[PDB]
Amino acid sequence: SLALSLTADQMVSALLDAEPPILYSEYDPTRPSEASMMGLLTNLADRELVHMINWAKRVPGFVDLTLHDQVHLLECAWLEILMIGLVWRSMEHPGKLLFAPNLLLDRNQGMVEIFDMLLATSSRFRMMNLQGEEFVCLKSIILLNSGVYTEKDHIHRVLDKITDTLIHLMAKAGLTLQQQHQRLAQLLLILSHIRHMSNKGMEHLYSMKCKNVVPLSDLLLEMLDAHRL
């Protein structure tokens, strides 16, 4: 494996290097809906999915897994990863969600529930002063962790390396050992909520599908079908 070999400071490089780009929406401000909005987010997520899949290949250890397991991990984690990316984007926009640079929304424009949860996560990141370096670690942890219970050993080793890396980072920022433990736990506990938001989100999308009003792209339908069968 190539992943079990990295310095902590190396791991960060690779994860930072691997970051996907921030895509734009087709939002035209001259037009003011929940169907239009969801049409845009769906289009956006569909294009992001392509960059995420090619990002996943760049996560240390990921490429080492069998194609069936790679597929399973992404099927499982894709909305979690879209969502943590979103809340990170949105950190420095109190009260708003930066879906794209040209699409920055507040809770005012079920659906509200998810928004409020995304907003509270973004908010939590902000009060924690989350670092880009801590963030890319978390996002990688989600990709590897969320589908691991649903080869498995190699996965646990990379997770452990990413833990090592998170701690390496916090030691750098001057934190006492007690403070590193707590921050580490604090970050990983947010992933519980990110899982929650993803679940609620997936259910919302499943019912959008049935209503057949906001069409889902072909990949989004396949990834969504993964979560029901």
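Numbers for residues come from their place in the sequence shown, where the first is 1. Under this definition, the rigid core comprises the largest set of C-alpha atoms superposing within 1.5 Å between the forms.
Chemist: Taking the root mean square of C-alpha distances over all structures and residues in 4 other deposited structures of this protein, with a rigid core superposition, name the larger of 160-168 and 35-43.
Modeler: Stretch with the higher C-alpha RMS distance in 4 other deposited structures of this protein: 35-43.
Chemist: Could you tell me which of the two stretches, 87-95 or 110-118, has its Cα atoms lying farther from the shown structure in 4 other deposited structures of this protein after fitting on the rigid core?
Modeler: Greater root mean square C-alpha distance in 4 other deposited structures of this protein: 110-118.
Chemist: Between us, would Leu16 come up missing in a third or more of the other compared entries?
Modeler: No, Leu16 is modelled in every other compared entry.
Chemist: I want to check something about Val214: across the other compared entries that model its neighbours, is it left unbuilt in at least a third?
Modeler: In at least a third of the other entries, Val214 has no coordinates.
Chemist: Count of coordinate-less deposited residues separating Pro32 and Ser33, as none, 1 to 3, 4 to 9, or 10 or more?
Modeler: Unmodelled stretch: 1 to 3 residues, a short break.
Chemist: In the deposited sequence, how many residues between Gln109 and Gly110 have no modelled coordinates (none, 1 to 3, 4 to 9, 10 or more)?
Modeler: The entry has 4 to 9 unmodelled residues between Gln109 and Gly110.
Chemist: With respect to the recorded C-alpha B factors, which stretch has the higher mean value, 134-142 or 90-98?
Modeler: Mean C-alpha B-factor is greater for 90-98.
Chemist: Between 200-208 and 187-195, name whichever shows the higher mean Cα B factor according to the PDB entry.
Modeler: So the stretch with the higher mean C-alpha B-factor is 200-208.
Chemist: Go through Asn43, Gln182, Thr165, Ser36 one by one and give the residue whose Cα B-factor in the PDB entry is largest.
Modeler: So the option with the highest C-alpha B-factor is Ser36.
Chemist: Rank-wise, by C-alpha B-factor, drop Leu169 into the lowest, middle or highest third of its chain.
Modeler: CA B-factor rank for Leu169: middle third.
Chemist: Please place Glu48 in the lowest, middle or highest third of its chain by C-alpha B factor as given in the entry.
Modeler: For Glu48, whose C-alpha B-factor we compare with every modelled residue in the chain, the answer is the lowest third.
Chemist: Using the B-factor values recorded in the entry, state whether the Cα atom of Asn129 falls in the lowest, middle or highest third among the modelled residues of its chain.
Modeler: Within its chain, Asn129 is a middle-third residue by C-alpha B-factor, going by the deposited values.
Chemist: Once the chain's modelled residues are ordered by C-alpha B factor and cut into thirds, is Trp78 in the lowest, middle or highest one?
Modeler: Within its chain, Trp78 is a lowest-third residue by C-alpha B-factor, going by the deposited values.
Chemist: Relative to the other modelled residues in the chain, which third contains the C-alpha temperature factor of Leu23: lowest, middle or highest?
Modeler: As the PDB entry reports it, the C-alpha B-factor of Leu23 lands in the lowest third of its chain.
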